[PDB]
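Comments concern the structure below.
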Amino acid sequence: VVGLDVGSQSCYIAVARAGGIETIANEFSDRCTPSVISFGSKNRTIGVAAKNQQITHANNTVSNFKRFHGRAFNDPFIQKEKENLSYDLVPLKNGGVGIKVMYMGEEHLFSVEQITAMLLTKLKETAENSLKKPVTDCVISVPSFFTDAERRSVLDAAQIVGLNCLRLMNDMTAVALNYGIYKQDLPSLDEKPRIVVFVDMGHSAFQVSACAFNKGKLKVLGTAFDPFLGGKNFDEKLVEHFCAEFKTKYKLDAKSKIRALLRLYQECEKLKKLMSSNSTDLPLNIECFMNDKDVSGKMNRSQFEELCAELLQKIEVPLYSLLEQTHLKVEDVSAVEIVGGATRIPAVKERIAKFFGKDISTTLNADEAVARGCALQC
Ligand SMILES: Nc1ncnc2c1ncn2[C@@H]1O[C@H](COP(=O)(O)OP(=O)(O)OP(=O)(O)O)[C@@H](O)[C@H]1O
Ligand SMILES: [Mg+2]
Ligand SMILES: [Mg+2]
């Protein structure tokens with residue numbers, strides 16, 4: 001049974017092997033498969049070869065589509081999202097979200113179920129190349145805020161592939177189960193349960209849960225979330241900043257050309273990630289940005305944090321929500337464990353730590369924890 005963490009930006013694959021849980025590496029020997037599909041004239045590509053083409057083939061490269069599951073085109077959520085995409089979003093005949101691209105010489109209209117199914121197919125093939133056997137049974141991750149329609153949409157995708165999804169697993173339940181199996185020296189059943197808070201901020205959302213653990217027993221006490229706050233919001237802030245800085249210094253409007261704006265998003269995200277390990281002034285350099293002009297600017301962590309002041313304030317809100325629901329007090333919590341790509345942002349970690357009055361723990365592998373939990377389920 002393969003565990004599949006299908007993220008809006010990246011995917012991971014895990015499976016129970018002899019002894020424990022292993023992540024499965026792909027044809028680039030990587031655990032991480034970008035959630036990106038590129039449609040060419042002779043074929044299509046999925047993963048990093050698609051992602052590497054995202055500027056060159058921007059109109060026919062599809063990404064960040066996970067949050068379209070179970071959504072109507074007319075939803076203000078989708079109307080907003082639509083504006084930032086390099087590819088065409090149109091309504092399907094049933095009102096759902098349609099993805100229009102040029103493919104095998106012809107115009108194609110895809111549902112999100114169909115797009116996700118193309119991604120699932122690659123992951124399935126990846127697992128089969130490593131295990132040297134057919135893969136059918138799987139567990140697929142879903143955010144803990146996904147509604148029943150959004151979940152059914154993901155199941156519909158898996159059925160298109162011919163996968164037998166035994167279970168859609170809540171990301172935070174994935175993480176909890178992972179912890180519950182791997183954490184050493186949990187309390188005995190005859191001891192006071194250990195209350196752990198899990199925080200997962202990915203590209204598109206912020207999720208938090210509280211769980212009580214004993215050896216062989218897990219109880220989820222509550223979950224909270226901001227489905228509209230993730231790593232990408234921070235990218236957006238940097239992009240808006242440099243877009244204006246470049247209008248001033250170079251009189252170039254990045255917003256006017258989509259492939260320049262995309263490239264600006266790429267650079268700002270790279271910059272964001274680097275500021276997690278480097279606090280000094282860091283270069284942003286984009287060769288031949290537009291009108292053959294090279295552009296340049298700089299940024300450091302402290303300035304990034306000031307720019308993202310309002311976003312960082314939003315971090316404590318789901319934490320407050322969690323306590324409100326569970327009636328837990330921070331002193332009840334033994335540890336705060338982080339997982340996911342964007343929780344690593346030092347200002348985000350700091351806000352969490354200050355809220356619970358505890359240092360942040362990193363017992364689990366932040367990138368792999370969800371897939372590993374999915375692989376544990378069955
Ligand atoms: N070291 C780092 N510092 C800061 N941000 C990072 C770092 N590594 C990854 N990120 C950010 O984390 C996000 C990706 O997180 P993750 O892989 O958990 O998302 P996902 O699971 O694909 O998406 P979603 O949770 O929205 O489905 C991106 O915004 C990325 O820029
Ligand atoms: Mg995720
Ligand atoms: Mg792990």
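In the structure tokens, each chain is lettered A, B, ... as it comes, each chain's residues begin at 1, and ligands are numbered from 1 in order of appearance.
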Subject >> Contacts of stretch 292-300 of chain A at 8 Å (only C-alpha atoms; same-chain gap of 3+ positions) as a PyMOL selection string >> reply: chain A and resi 242+246+250+275+279-289+303-304
Kindly save the residues from that selection, with N, CA and C atoms included, as a PDB file, in the first residue's frame.
ATOM      1  N   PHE A 242       9.029  44.071  -5.032  1.00  0.00           N
ATOM      2  CA  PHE A 242      10.001  44.250  -6.101  1.00  0.00           C
ATOM      3  C   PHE A 242       9.374  44.755  -7.393  1.00  0.00           C
ATOM      4  N   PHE A 246      10.976  47.982  -9.045  1.00  0.00           N
ATOM      5  CA  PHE A 246      11.478  47.889 -10.411  1.00  0.00           C
ATOM      6  C   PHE A 246      10.788  48.911 -11.312  1.00  0.00           C
ATOM      7  N   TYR A 250      13.731  51.148 -12.790  1.00  0.00           N
ATOM      8  CA  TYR A 250      13.933  50.711 -14.169  1.00  0.00           C
ATOM      9  C   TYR A 250      12.788  51.088 -15.097  1.00  0.00           C
ATOM     10  N   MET A 275      16.425  33.078   2.909  1.00  0.00           N
ATOM     11  CA  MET A 275      16.361  33.873   4.133  1.00  0.00           C
ATOM     12  C   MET A 275      16.029  33.046   5.371  1.00  0.00           C
ATOM     13  N   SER A 279      20.661  35.445   7.006  1.00  0.00           N
ATOM     14  CA  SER A 279      20.063  36.698   7.454  1.00  0.00           C
ATOM     15  C   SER A 279      20.675  37.953   6.828  1.00  0.00           C
ATOM     16  N   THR A 280      21.750  37.799   6.051  1.00  0.00           N
ATOM     17  CA  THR A 280      22.428  38.964   5.457  1.00  0.00           C
ATOM     18  C   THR A 280      21.678  39.529   4.241  1.00  0.00           C
ATOM     19  N   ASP A 281      22.165  40.639   3.679  1.00  0.00           N
ATOM     20  CA  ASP A 281      21.557  41.201   2.467  1.00  0.00           C
ATOM     21  C   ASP A 281      21.766  40.247   1.309  1.00  0.00           C
ATOM     22  N   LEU A 282      20.684  39.903   0.623  1.00  0.00           N
ATOM     23  CA  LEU A 282      20.739  38.890  -0.418  1.00  0.00           C
ATOM     24  C   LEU A 282      20.311  39.454  -1.762  1.00  0.00           C
ATOM     25  N   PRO A 283      21.000  39.045  -2.839  1.00  0.00           N
ATOM     26  CA  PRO A 283      20.698  39.571  -4.172  1.00  0.00           C
ATOM     27  C   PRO A 283      19.470  38.937  -4.823  1.00  0.00           C
ATOM     28  N   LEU A 284      18.674  39.772  -5.474  1.00  0.00           N
ATOM     29  CA  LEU A 284      17.709  39.293  -6.446  1.00  0.00           C
ATOM     30  C   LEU A 284      18.182  39.745  -7.818  1.00  0.00           C
ATOM     31  N   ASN A 285      18.485  38.785  -8.683  1.00  0.00           N
ATOM     32  CA  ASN A 285      19.036  39.075 -10.007  1.00  0.00           C
ATOM     33  C   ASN A 285      18.235  38.391 -11.105  1.00  0.00           C
ATOM     34  N   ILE A 286      17.663  39.173 -12.015  1.00  0.00           N
ATOM     35  CA  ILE A 286      16.937  38.595 -13.139  1.00  0.00           C
ATOM     36  C   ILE A 286      17.480  39.098 -14.473  1.00  0.00           C
ATOM     37  N   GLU A 287      18.250  38.248 -15.150  1.00  0.00           N
ATOM     38  CA  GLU A 287      18.811  38.567 -16.462  1.00  0.00           C
ATOM     39  C   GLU A 287      17.736  38.743 -17.529  1.00  0.00           C
ATOM     40  N   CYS A 288      17.878  39.788 -18.344  1.00  0.00           N
ATOM     41  CA  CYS A 288      16.950  40.069 -19.435  1.00  0.00           C
ATOM     42  C   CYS A 288      15.504  39.984 -18.945  1.00  0.00           C
ATOM     43  N   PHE A 289      15.182  40.791 -17.939  1.00  0.00           N
ATOM     44  CA  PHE A 289      13.871  40.741 -17.300  1.00  0.00           C
ATOM     45  C   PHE A 289      12.775  41.125 -18.291  1.00  0.00           C
ATOM     46  N   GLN A 303      13.930  42.776   6.869  1.00  0.00           N
ATOM     47  CA  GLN A 303      13.152  43.648   5.997  1.00  0.00           C
ATOM     48  C   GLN A 303      11.962  42.871   5.444  1.00  0.00           C
ATOM     49  N   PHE A 304      12.217  41.597   5.170  1.00  0.00           N
ATOM     50  CA  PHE A 304      11.207  40.655   4.725  1.00  0.00           C
ATOM     51  C   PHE A 304      10.133  40.516   5.812  1.00  0.00           C
TER      52      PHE A 304
END
Please report, as CSV, each residue of chain A lying at most 7 Å from ligand 2, together with the nearest pair of atoms and the separation in Å rounded to one decimal; use only C-alpha atoms and all ligand atoms, and order rows by chain and ascending residue number.
residue,atom,partner,partner_atom_place_in_ligand_line,distance
A:7,CA,ligand 2,1 (Mg),4.6
A:8,CA,ligand 2,1 (Mg),6.8
A:202,CA,ligand 2,1 (Mg),4.8
A:340,CA,ligand 2,1 (Mg),6.3
Original post:
In stretch 278-372 of chain A, what's helix (DSSP H, G or I) per DSSP? Answer as a ChimeraX atom specification?
Top reply: /A:301-307,309-314,316-326,330-332,342-344,346-356,369-372
Write the residues you've just listed into a file as a tab-separated table (two decimals), in the first residue's frame, and include N, CA and C atoms for each of them.
chain	number	residue	atom	x	y	z
A	301	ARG	N	16.43	39.29	5.82
A	301	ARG	CA	15.36	38.70	6.63
A	301	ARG	C	14.52	39.72	7.37
A	302	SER	N	15.19	40.62	8.09
A	302	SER	CA	14.51	41.61	8.92
A	302	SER	C	13.55	42.49	8.11
A	303	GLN	N	13.93	42.78	6.87
A	303	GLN	CA	13.15	43.65	6.00
A	303	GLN	C	11.96	42.87	5.44
A	304	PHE	N	12.22	41.60	5.17
A	304	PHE	CA	11.21	40.66	4.72
A	304	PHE	C	10.13	40.52	5.81
A	305	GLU	N	10.57	40.40	7.07
A	305	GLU	CA	9.64	40.28	8.19
A	305	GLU	C	8.79	41.53	8.37
A	306	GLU	N	9.39	42.71	8.17
A	306	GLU	CA	8.62	43.96	8.26
A	306	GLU	C	7.60	44.02	7.14
A	307	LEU	N	8.02	43.65	5.94
A	307	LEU	CA	7.11	43.61	4.79
A	307	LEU	C	5.93	42.65	5.03
A	309	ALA	N	4.55	41.84	7.94
A	309	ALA	CA	4.04	42.05	9.30
A	309	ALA	C	2.60	41.59	9.48
A	310	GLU	N	1.73	41.93	8.54
A	310	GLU	CA	0.32	41.59	8.65
A	310	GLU	C	0.09	40.08	8.51
A	311	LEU	N	0.78	39.45	7.56
A	311	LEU	CA	0.76	38.00	7.43
A	311	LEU	C	1.20	37.31	8.71
A	312	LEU	N	2.24	37.82	9.35
A	312	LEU	CA	2.80	37.15	10.51
A	312	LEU	C	1.84	37.25	11.69
A	313	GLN	N	1.06	38.34	11.73
A	313	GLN	CA	0.02	38.50	12.74
A	313	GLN	C	-1.05	37.44	12.61
A	314	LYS	N	-1.35	37.05	11.37
A	314	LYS	CA	-2.38	36.04	11.07
A	314	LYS	C	-2.03	34.63	11.58
A	316	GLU	N	-1.06	33.54	14.55
A	316	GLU	CA	-1.54	33.14	15.87
A	316	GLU	C	-3.05	32.89	15.89
A	317	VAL	N	-3.75	33.30	14.84
A	317	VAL	CA	-5.21	33.19	14.85
A	317	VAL	C	-5.68	31.72	14.87
A	318	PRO	N	-5.18	30.85	13.97
A	318	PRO	CA	-5.58	29.44	14.13
A	318	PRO	C	-5.11	28.80	15.43
A	319	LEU	N	-4.03	29.32	16.02
A	319	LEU	CA	-3.55	28.81	17.29
A	319	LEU	C	-4.56	29.14	18.39
A	320	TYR	N	-5.03	30.38	18.40
A	320	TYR	CA	-6.11	30.79	19.29
A	320	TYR	C	-7.38	29.95	19.06
A	321	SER	N	-7.73	29.77	17.79
A	321	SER	CA	-8.88	28.95	17.43
A	321	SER	C	-8.76	27.52	18.00
A	322	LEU	N	-7.57	26.94	17.92
A	322	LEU	CA	-7.33	25.59	18.41
A	322	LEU	C	-7.59	25.46	19.91
A	323	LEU	N	-7.04	26.40	20.68
A	323	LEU	CA	-7.25	26.43	22.13
A	323	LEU	C	-8.73	26.64	22.46
A	324	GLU	N	-9.39	27.53	21.72
A	324	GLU	CA	-10.80	27.84	21.95
A	324	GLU	C	-11.66	26.59	21.82
A	325	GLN	N	-11.42	25.83	20.76
A	325	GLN	CA	-12.14	24.59	20.50
A	325	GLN	C	-11.86	23.48	21.49
A	326	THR	N	-10.58	23.26	21.79
A	326	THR	CA	-10.15	22.15	22.61
A	326	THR	C	-10.27	22.45	24.10
A	330	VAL	N	-2.02	26.51	27.13
A	330	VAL	CA	-0.69	26.24	26.58
A	330	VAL	C	0.15	25.36	27.52
A	331	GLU	N	-0.06	25.47	28.84
A	331	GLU	CA	0.70	24.67	29.80
A	331	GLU	C	0.38	23.18	29.70
A	332	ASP	N	-0.74	22.85	29.08
A	332	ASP	CA	-1.14	21.47	28.87
A	332	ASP	C	-0.27	20.81	27.79
A	342	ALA	N	6.77	25.53	4.71
A	342	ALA	CA	6.81	26.96	5.00
A	342	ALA	C	6.87	27.27	6.50
A	343	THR	N	6.63	26.28	7.35
A	343	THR	CA	6.79	26.49	8.80
A	343	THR	C	8.21	26.83	9.18
A	344	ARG	N	9.16	26.44	8.33
A	344	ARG	CA	10.57	26.75	8.52
A	344	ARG	C	10.92	28.23	8.51
A	346	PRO	N	11.66	31.49	9.75
A	346	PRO	CA	12.01	31.78	11.15
A	346	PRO	C	11.01	32.68	11.88
A	347	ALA	N	10.40	33.66	11.20
A	347	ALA	CA	9.38	34.49	11.85
A	347	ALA	C	8.11	33.69	12.16
A	348	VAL	N	7.78	32.73	11.30
A	348	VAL	CA	6.62	31.86	11.54
A	348	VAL	C	6.89	30.95	12.75
A	349	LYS	N	8.04	30.27	12.76
A	349	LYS	CA	8.44	29.47	13.93
A	349	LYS	C	8.40	30.27	15.22
A	350	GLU	N	8.89	31.51	15.15
A	350	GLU	CA	8.98	32.39	16.31
A	350	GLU	C	7.60	32.74	16.85
A	351	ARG	N	6.67	33.11	15.97
A	351	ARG	CA	5.30	33.41	16.37
A	351	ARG	C	4.66	32.20	17.07
A	352	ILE	N	4.86	31.01	16.51
A	352	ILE	CA	4.33	29.78	17.12
A	352	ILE	C	4.96	29.55	18.49
A	353	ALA	N	6.28	29.60	18.55
A	353	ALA	CA	7.01	29.38	19.80
A	353	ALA	C	6.55	30.37	20.88
A	354	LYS	N	6.48	31.65	20.52
A	354	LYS	CA	6.04	32.67	21.48
A	354	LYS	C	4.60	32.42	21.95
A	355	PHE	N	3.74	31.94	21.06
A	355	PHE	CA	2.36	31.65	21.43
A	355	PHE	C	2.26	30.55	22.49
A	356	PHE	N	3.00	29.47	22.31
A	356	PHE	CA	2.91	28.33	23.22
A	356	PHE	C	3.93	28.41	24.35
A	369	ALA	N	6.80	13.73	6.31
A	369	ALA	CA	5.97	13.22	7.41
A	369	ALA	C	4.57	12.79	6.97
A	370	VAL	N	3.96	13.59	6.11
A	370	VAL	CA	2.60	13.28	5.66
A	370	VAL	C	2.55	12.00	4.83
A	371	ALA	N	3.45	11.87	3.86
A	371	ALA	CA	3.50	10.66	3.04
A	371	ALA	C	3.77	9.44	3.93
A	372	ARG	N	4.64	9.60	4.92
A	372	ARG	CA	4.98	8.50	5.81
A	372	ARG	C	3.78	8.07	6.65
Which residues of chain A come within 9 Å of ligand 3, and for each one, what is the closest pair of atoms and their distance in Å to one decimal, counting only C-alpha atoms and all ligand atoms, sorted by chain and residue number, as JSON lines?
{"residue": "A:175", "atom": "CA", "partner": "ligand 3", "partner_atom_place_in_ligand_line": "1 (Mg)", "distance": 8.1}
{"residue": "A:178", "atom": "CA", "partner": "ligand 3", "partner_atom_place_in_ligand_line": "1 (Mg)", "distance": 6.6}
{"residue": "A:179", "atom": "CA", "partner": "ligand 3", "partner_atom_place_in_ligand_line": "1 (Mg)", "distance": 7.7}
{"residue": "A:182", "atom": "CA", "partner": "ligand 3", "partner_atom_place_in_ligand_line": "1 (Mg)", "distance": 8.2}
{"residue": "A:339", "atom": "CA", "partner": "ligand 3", "partner_atom_place_in_ligand_line": "1 (Mg)", "distance": 8.7}
{"residue": "A:363", "atom": "CA", "partner": "ligand 3", "partner_atom_place_in_ligand_line": "1 (Mg)", "distance": 7.6}
{"residue": "A:364", "atom": "CA", "partner": "ligand 3", "partner_atom_place_in_ligand_line": "1 (Mg)", "distance": 4.1}
{"residue": "A:365", "atom": "CA", "partner": "ligand 3", "partner_atom_place_in_ligand_line": "1 (Mg)", "distance": 3.8}
{"residue": "A:366", "atom": "CA", "partner": "ligand 3", "partner_atom_place_in_ligand_line": "1 (Mg)", "distance": 6.7}
{"residue": "A:367", "atom": "CA", "partner": "ligand 3", "partner_atom_place_in_ligand_line": "1 (Mg)", "distance": 7.6}
{"residue": "A:368", "atom": "CA", "partner": "ligand 3", "partner_atom_place_in_ligand_line": "1 (Mg)", "distance": 5.3}
{"residue": "A:369", "atom": "CA", "partner": "ligand 3", "partner_atom_place_in_ligand_line": "1 (Mg)", "distance": 3.8}
{"residue": "A:370", "atom": "CA", "partner": "ligand 3", "partner_atom_place_in_ligand_line": "1 (Mg)", "distance": 7.5}
{"residue": "A:371", "atom": "CA", "partner": "ligand 3", "partner_atom_place_in_ligand_line": "1 (Mg)", "distance": 8.3}
{"residue": "A:372", "atom": "CA", "partner": "ligand 3", "partner_atom_place_in_ligand_line": "1 (Mg)", "distance": 6.1}
{"residue": "A:373", "atom": "CA", "partner": "ligand 3", "partner_atom_place_in_ligand_line": "1 (Mg)", "distance": 7.9}
Write out, as a short mmCIF file (atom, residue, chain, number, x, y, z; two decimals), in the first residue's frame, the residues just selected, with N, CA, C and O atoms.
data_model
loop_
_atom_site.label_atom_id
_atom_site.label_comp_id
_atom_site.auth_asym_id
_atom_site.auth_seq_id
_atom_site.Cartn_x
_atom_site.Cartn_y
_atom_site.Cartn_z
N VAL A 175 0.22 13.08 10.05
CA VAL A 175 1.32 13.53 10.87
C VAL A 175 1.24 12.91 12.27
O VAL A 175 2.23 12.43 12.81
N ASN A 178 2.13 9.18 12.22
CA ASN A 178 3.58 9.12 12.06
C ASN A 178 4.25 9.30 13.42
O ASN A 178 5.04 8.44 13.86
N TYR A 179 3.91 10.39 14.10
CA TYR A 179 4.46 10.67 15.44
C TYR A 179 4.17 9.52 16.40
O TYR A 179 5.04 9.12 17.17
N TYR A 182 6.45 6.55 15.71
CA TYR A 182 7.89 6.72 15.66
C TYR A 182 8.48 7.38 16.90
O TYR A 182 9.65 7.18 17.20
N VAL A 339 6.04 20.70 10.70
CA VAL A 339 6.11 19.85 9.57
C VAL A 339 5.75 20.76 8.38
O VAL A 339 5.27 21.86 8.61
N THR A 363 10.95 16.72 15.45
CA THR A 363 11.09 15.27 15.56
C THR A 363 10.88 14.57 14.22
O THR A 363 11.58 13.61 13.90
N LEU A 364 9.91 15.05 13.44
CA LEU A 364 9.58 14.40 12.19
C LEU A 364 10.29 15.07 11.03
O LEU A 364 10.71 16.22 11.12
N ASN A 365 10.44 14.33 9.94
CA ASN A 365 10.94 14.93 8.71
C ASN A 365 9.87 15.84 8.11
O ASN A 365 8.78 15.37 7.76
N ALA A 366 10.17 17.13 7.99
CA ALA A 366 9.15 18.11 7.60
C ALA A 366 8.57 17.85 6.21
O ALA A 366 7.39 18.08 5.96
N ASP A 367 9.42 17.37 5.31
CA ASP A 367 9.01 17.16 3.93
C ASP A 367 8.25 15.83 3.74
O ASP A 367 7.36 15.75 2.90
N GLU A 368 8.63 14.82 4.51
CA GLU A 368 8.15 13.45 4.28
C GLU A 368 7.05 12.97 5.24
O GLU A 368 6.46 11.92 5.02
N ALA A 369 6.80 13.73 6.31
CA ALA A 369 5.97 13.22 7.41
C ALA A 369 4.57 12.79 6.97
O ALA A 369 4.06 11.77 7.42
N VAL A 370 3.96 13.59 6.11
CA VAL A 370 2.60 13.28 5.66
C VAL A 370 2.55 12.00 4.83
O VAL A 370 1.72 11.14 5.08
N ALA A 371 3.45 11.87 3.86
CA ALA A 371 3.50 10.66 3.04
C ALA A 371 3.77 9.44 3.93
O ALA A 371 3.19 8.37 3.73
N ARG A 372 4.64 9.60 4.92
CA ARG A 372 4.98 8.50 5.81
C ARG A 372 3.78 8.07 6.65
O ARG A 372 3.54 6.86 6.83
N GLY A 373 3.03 9.05 7.15
CA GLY A 373 1.76 8.78 7.83
C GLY A 373 0.77 8.06 6.93
O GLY A 373 0.12 7.10 7.36
#
Sorted by chain and rising residue number, list the residues of chain A at most 9 Å from ligand 1 (counting only C-alpha atoms and all ligand atoms), each with its closest atom pair and distance in Å to one decimal, as CSV.
residue,atom,partner,partner_atom_place_in_ligand_line,distance
A:5,CA,ligand 1,21 (O),7.5
A:6,CA,ligand 1,27 (O),6.8
A:7,CA,ligand 1,22 (O),3.5
A:8,CA,ligand 1,27 (O),3.6
A:9,CA,ligand 1,22 (O),3.4
A:10,CA,ligand 1,22 (O),4.0
A:11,CA,ligand 1,22 (O),6.4
A:12,CA,ligand 1,21 (O),8.9
A:32,CA,ligand 1,17 (O),8.6
A:34,CA,ligand 1,22 (O),7.9
A:35,CA,ligand 1,22 (O),7.4
A:64,CA,ligand 1,26 (O),8.2
A:66,CA,ligand 1,27 (O),6.8
A:67,CA,ligand 1,27 (O),7.7
A:142,CA,ligand 1,27 (O),8.1
A:143,CA,ligand 1,27 (O),7.3
A:171,CA,ligand 1,25 (O),8.8
A:200,CA,ligand 1,18 (O),7.2
A:201,CA,ligand 1,18 (O),6.2
A:202,CA,ligand 1,18 (O),3.5
A:203,CA,ligand 1,29 (O),3.8
A:204,CA,ligand 1,26 (O),3.6
A:205,CA,ligand 1,26 (O),5.4
A:206,CA,ligand 1,25 (O),7.9
A:207,CA,ligand 1,25 (O),8.8
A:227,CA,ligand 1,26 (O),8.8
A:230,CA,ligand 1,29 (O),6.6
A:231,CA,ligand 1,29 (O),3.4
A:232,CA,ligand 1,29 (O),4.8
A:233,CA,ligand 1,29 (O),8.0
A:234,CA,ligand 1,29 (O),7.7
A:235,CA,ligand 1,29 (O),7.3
A:268,CA,ligand 1,31 (O),9.0
A:269,CA,ligand 1,31 (O),5.3
A:270,CA,ligand 1,31 (O),7.1
A:271,CA,ligand 1,4 (C),8.8
A:272,CA,ligand 1,4 (C),5.6
A:273,CA,ligand 1,3 (N),3.7
A:274,CA,ligand 1,3 (N),6.5
A:275,CA,ligand 1,3 (N),6.9
A:276,CA,ligand 1,3 (N),4.8
A:277,CA,ligand 1,1 (N),7.2
A:339,CA,ligand 1,18 (O),7.5
A:340,CA,ligand 1,18 (O),3.7
A:341,CA,ligand 1,15 (O),3.4
A:342,CA,ligand 1,12 (O),3.5
A:343,CA,ligand 1,5 (N),7.0
A:344,CA,ligand 1,3 (N),5.0
A:345,CA,ligand 1,4 (C),4.6
A:346,CA,ligand 1,3 (N),7.9
A:366,CA,ligand 1,18 (O),7.7
A:367,CA,ligand 1,17 (O),6.5
A:370,CA,ligand 1,21 (O),8.8
**OP:** Calculate how many Å separate atom CA of residue A:194 from atom CA of residue A:224, rounding to one decimal.
**Re:** 19.3 Å
Subject >> Option closest in space to residue A:68, from A:115, A:358, A:41, A:52 [counting only C-alpha atoms] >> reply: A:115
